[PDB]
């Protein structure tokens, strides 16, 4: 049986515009009264007939109709046809359906590199820029001297070009956890990067470009303090980065940047050792210097950065950052001192796992590392309390996504950057699924992904260059300054707030439409679990 009516696309039919995986959930939200629906192959063959079910979307304050076609499990290309409404966009069902999106999000990271030219052709479009910020950076604000200390490389943070240690923390941490969680899936992956012919897995080459910058951020006095950021004094304009000649400076240290440094470098040491052992030793030695400073100087210290007007990333507390640092030192080295630091800190968290987390609140990363470690000696009771919090929180996210009209894991919570958190929640779900296998956790992760790829009020992908009607006007200097109509590809925009309809795809909206490494990292983690998947 084939469809006998000609269906036109209707923007009320909202689904994942990339597609779906066999044996996993597949839903559309239809913001229109309806009943019957069909899943149809491109030639018009009907493969499934179902009935959509009403649900109140409390978030948008309207009834929507949910079309559940999870039982369609034959790989192919399809659309949803809804009598009285219209049809969805075409989508794919395939085990590998997310691999192109993963590689595209990784391309976005490559194209954020600082200190080098970059070049890629994406959908036939050549994106490029020349070497930038090759004079990073001057020490005047640290020690009074107009001395350059190499602080090149790394990623441009966001729509601006400055480089911030605290935001790097959640970014690098989340990407290193994607590596550890999904190693056998990611290790074979080839990327469009200059390091594609070396002896290092390409995922790790991208991370190394960031760690190469992080390693430059310790103070030259040898104290172990870590500069908070490398920045121009003020934001530059919408210019290409190679045309930004203003001096860039190391900014005074923070204790959180110092702890984040320890965590990142301790992770890098164990992760890179199979491939670049000399680099791994450099990383762990650097981590130890900053950890010793932290041990001898326990107080929370904010960066003295008011001589700058760029991003602050002024996390309110370093307690979570120090917990994460201890966890990673312990996982890399195993010493009882690091375990004791971690366990003493963790036991004091009233809620061991938080559903809503980002650069300000990184304790979950340490909890994850601790829980999944194969090392002996962990306190059994603390393990169990973390485990219970993890599973409770994961169960809450599942309920939230099931009860939201668009499957949004973050429910009705909206704030600057919240799209990143939607996909970052996949870390909780995936770690929960390792500890207590449950298909509901994996399907909820796929709900988060689906939400940012078109199962949302807007009926839009939130990721440049991907899916249905992606963002065209991010608050992104390369995109605004180049000669290309389409913006630079592979970036998850921050998202609308305060309400569920408040995203505006306009360049001026830094509040809702910027890009960021921490948002892309979350997307990368979310998609990584579905690369080379079975």
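Numbering follows the first chain given and starts at 1.
In this entry, 53-61 has the higher mean Cα B-factor, the comparison being between 53-61 and 471-479.
Checked against the record, the higher mean CA B factor of 420-428 and 146-154 lies with 146-154.
The PDB entry assigns its highest CA temperature factor, among 397, 435, 106, 257, to 435. Based on the entry's C-alpha B-factors, the most elevated value among 391, 452, 85, 111 belongs to 85. The PDB entry assigns residue 375 a C-alpha temperature factor belonging to the middle third of its chain's modelled residues.
In the PDB entry, residue 66 places in the highest third of its chain by CA B-factor. Sort the modelled residues of the chain by CA B factor and residue 209 lands in the lowest third. Looking at the C-alpha B-factors along this chain, the one for residue 202 belongs to the lowest third.
Among the modelled residues of its chain, residue 345 has a C-alpha B-factor that falls in the highest third according to the deposited record.
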